[PDB]
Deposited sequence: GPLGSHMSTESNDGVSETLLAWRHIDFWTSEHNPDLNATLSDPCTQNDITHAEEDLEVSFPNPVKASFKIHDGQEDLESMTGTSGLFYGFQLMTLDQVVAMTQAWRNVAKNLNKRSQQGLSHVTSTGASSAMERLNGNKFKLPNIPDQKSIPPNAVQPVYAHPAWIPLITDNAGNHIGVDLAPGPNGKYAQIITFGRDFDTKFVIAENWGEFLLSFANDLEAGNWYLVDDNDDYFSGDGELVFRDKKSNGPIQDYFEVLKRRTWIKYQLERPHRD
């Protein structure tokens, strides 16, 4: 519907421009668009309908690739990599295998409470971002009773507590773009690796997951 598509397009305009201004090396990792056929093929494989804002994102960049880099790709989301469609399919399948094996882990929990299913893995959690260490940001196509369909969540190896970080994929991308524009960043030399800091408060370099978690906690508490 009219729920995040516009935000996705606008976000990508800002991120495309910001990166080309401040970090061309990172800009050049942003892959060409997926085709509708690529998307159709992935939807057939996974037996899922991608939400509209997620499809729109894929039709702008099919993730990050960075061919020539012995070290590894530089994540666009403050070190975390935007996954290619092929990576999304492979990882979803991997997580579906985990979910099968768990049927045949400490207490699983949700912020806000009851927004995300209290489980280690679910077939309908589609990973879109990876820390390449077992953790993801993705889209939740089977929310808890106080969740929203296609809400954006954190899950994986180290996410016993899962967080709703955005209402849709568009809002998530836009809040990331706003962090870039507000100056909430530092590049590190070895154009460099992109890390988060809160500029207005002179905040320390922080892991972007911790930032997202704190913001979710705060937003939940203020709305209660």
Per the record, deposited positions without any C-alpha are 1-10, 115-144, 231-237, 272-275
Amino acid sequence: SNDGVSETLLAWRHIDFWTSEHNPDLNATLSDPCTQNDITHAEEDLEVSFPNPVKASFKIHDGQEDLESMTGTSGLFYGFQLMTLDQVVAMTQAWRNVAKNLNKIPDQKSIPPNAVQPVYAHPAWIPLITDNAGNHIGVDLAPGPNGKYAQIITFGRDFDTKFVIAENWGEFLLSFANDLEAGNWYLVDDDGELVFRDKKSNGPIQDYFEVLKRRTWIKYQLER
From here on, numbers count along this sequence of modelled residues.
Query raised in the report: Looking at the other compared entries that model both neighbours, is residue 35 missing coordinates in at least a third of them?
Result: no
Q) How about residue 179: is it missing in a third or more of the other compared entries? A) no
Per the PDB entry, mean CA B-factor is higher for 24-32 or 66-74, namely for 66-74
Chain thirds by Cα B factor, record data; residue 110 belongs to the lowest
Entry-reported C-alpha B-factor of residue 157 relative to its chain, by third, is highest
Chain-relative C-alpha B factor for residue 170 (record values, thirds): the middle
In terms of its chain's C-alpha B-factors, the third that includes residue 82 is the middle
Tertile call for residue 136 (CA temperature factor, within chain, third-based) is the middle
